[PDB]
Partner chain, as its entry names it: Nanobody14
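Just the one chain here, the form solved without the partner chain, laid out as structure tokens.
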């Protein structure tokens, strides 16, 4: 079994908890306390490899310290999540990427950009806009629905594929 330390980052309300809880418990949670940050572990097979996924679902206040720095740099891959009906969450992605790059002290950090809530009609962030920022950073882009589970497995597996590429 290969262990893979994944961190899900992004604004409040984008569905970081819904996405984690779908992969790991296979149900959609309408309300999950927005304050609650936790690690979830799941044994899964990805491309024939048995993996233990250790997923930090981030929450809480914007609050930089040496110990939050340490905690974040143990992530091997980051799922940078925005909601397709939340322009501000999309504009925040650069920030999250910059904090990842800083605590990793590196410009090549395994990462997937995730456009969540693709089930919703009110979309303010176009696929094309997201695709453009992805190709810019050199990372995969995937649209997801924690609600229907569209793209959820693919999102997390794609990240794992990214971690493999990075360590050949």
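Residue numbers count along the first chain shown, from 1.
Greater mean Cα temperature factor according to the PDB record, 47 to 55 or 27 to 35: Averaged over C-alpha atoms, the B-factors run higher in 27 to 35.
100 to 108 set against 138 to 146, stretch whose average Cα temperature factor tops the other in the entry: According to the entry, 100 to 108 carries the higher average C-alpha B-factor.
Residue 72, C-alpha B-factor rank within chain (lowest, middle or highest third): Residue 72: CA B-factor falls in the highest third of its chain.
Within-chain third of residue 1 by Cα B-factor, per the entry: For residue 1, whose C-alpha B-factor we compare with every modelled residue in the chain, the answer is the highest third.
Lowest, middle or highest third - CA B-factor, residue 41: Its C-alpha B-factor, which the entry lists for residue 41, ranks in the middle third among residues of this chain.
Among modelled residues of the same chain, the CA temperature factor third for residue 124: Middle third - that is where residue 124 ends up once the chain's C-alpha B-factors are sorted.
Chain third (lowest, middle, highest) by recorded CA B-factor, residue given as residue 114: It falls in the bottom third of the chain.
We do not show the form solved in complex with the partner chain, though everything after this point is about it.
In the entry with it bound: members of 58 to 83 within 4.5 Å of the partner chain, any heavy atom: In sequence order, 73, 74, 75, 76 come within 4.5 Å of the partner.
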